[PDB]
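Below you'll find only one chain, the form deposited in one PDB entry, shown as structure tokens.
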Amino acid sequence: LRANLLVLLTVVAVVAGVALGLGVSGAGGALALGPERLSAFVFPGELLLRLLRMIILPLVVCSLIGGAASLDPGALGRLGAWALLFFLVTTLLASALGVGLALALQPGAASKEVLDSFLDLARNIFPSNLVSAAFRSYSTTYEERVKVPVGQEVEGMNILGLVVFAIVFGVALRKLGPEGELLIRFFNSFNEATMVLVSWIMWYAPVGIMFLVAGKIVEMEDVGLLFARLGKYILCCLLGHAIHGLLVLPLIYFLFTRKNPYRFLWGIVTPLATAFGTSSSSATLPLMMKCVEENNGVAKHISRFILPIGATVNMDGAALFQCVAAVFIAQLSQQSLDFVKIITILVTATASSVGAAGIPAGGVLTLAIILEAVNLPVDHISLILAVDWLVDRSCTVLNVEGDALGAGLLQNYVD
């Protein structure tokens, strides 16, 4: 099956990218290649990232509008509220687990005001311009007029504001009744065309992923040397993802529904493998909906609401990774975490996970939110970037798994 072919090709692409990076490093790596050759060698991964970032905007906006407009107000008050509560609770639990694992395992064993960071988050939630929000985000800087904060708009898609606006606009379209059906159809057709584009991009995804991994491994001085530093961090991220996906989320599924959660996961394994390979829940959306509807019997409306929304708003893996990274930093640099700082980390991780793009680059783009809110050195992300190619795949797997289990839980709640 071509879906299984895509999964196989993407996993083999990750493995072959690791092998190619190791081989290139054995031949001298960047030092031997020189910028001229290195840029061309790494270019295909950049091209894949550009292709996915191009489709983020229309994909997210149209999917969210359609999902929000897929339920009537009679169901929005019950299904919508419960879905929002489930997403919030799951993200909070993922962030708490990340904090706990990072503090316990201590990965690092051996500037913007917090108020300004939260105000910037609130401003990004409510964008002042929809067109500007498509490629810019609010950010506060300081001028010694005593520091006085002045707010600029800096490069970077405002996924959070676009998500909020899309959900609100879908709800408004549902409110309109027959008058809004034309726009619902328009946005559904646009989303379907964007999914066709995503399916086409996923066929280039193998080569792009291979070259991206190879470049990210050639960039570092030596795998055996960088992994010496980052082994505890990688272990914390992967262990937290495994605990959340195999124990916590299944435990919630079993508590709110007396069905077997792993039987549910068996019917979405293929979505999970595609998520691991591509590391883009947005690209995993179609197969995910197909599996939840057919293999697990989730009702059509339940899926069409929960999954397109969850894929952008709900990301337990992204939240857990960002939280474990925010705790890993502050240990590379000798800062300390108290209860207030931990709670700030949790809240900022929730907001950042909501504001992440469902693609390979989602995590680090918004980890800066947490780092600024905890006043941690932002430049340290350069280290995480050297390994993000590995953690991000588990992040995406958990992000899609949360969506699937939420769909099942809501389907049982509606029964």
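Residues that one form lacks are left out of the comparison. All residue numbers are counted from 1 along the displayed sequence. We call the rigid core whatever largest set of C-alpha positions still superposes within 1.5 Å between the two forms.
The form deposited in another entry exists for this protein as well; it is not shown, and the discussion that follows is about that form.
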item: Rigid-core-referenced C-alpha movement of 2 Å or more between the shown form and the other one, selected from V164, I342, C291, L265; value: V164
item: Rigid core superposed: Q331 CA moves 2 Å or more between the shown form and the other one; value: no
item: Shift of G98 between the shown form and the other one at or above 2 Å (CA, core fit); value: no
item: Yes/no, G245 Cα shift of 2 Å or more between the shown form and the other one with rigid core fixed; value: no
item: Outcome for the Cα pair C323, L51 in the other entry, compared with this form (closer or farther; change of 3 Å or more); value: closer
item: Comparison of CA distance in the other entry with shown form for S63, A319, at least 3 Å; value: closer
item: Consecutive stretches, 3 or more residues long, displaced between the shown form and the other one (C-alpha shift of at least 2 Å once the core is aligned); value: 1-77, 111-145, 147-229
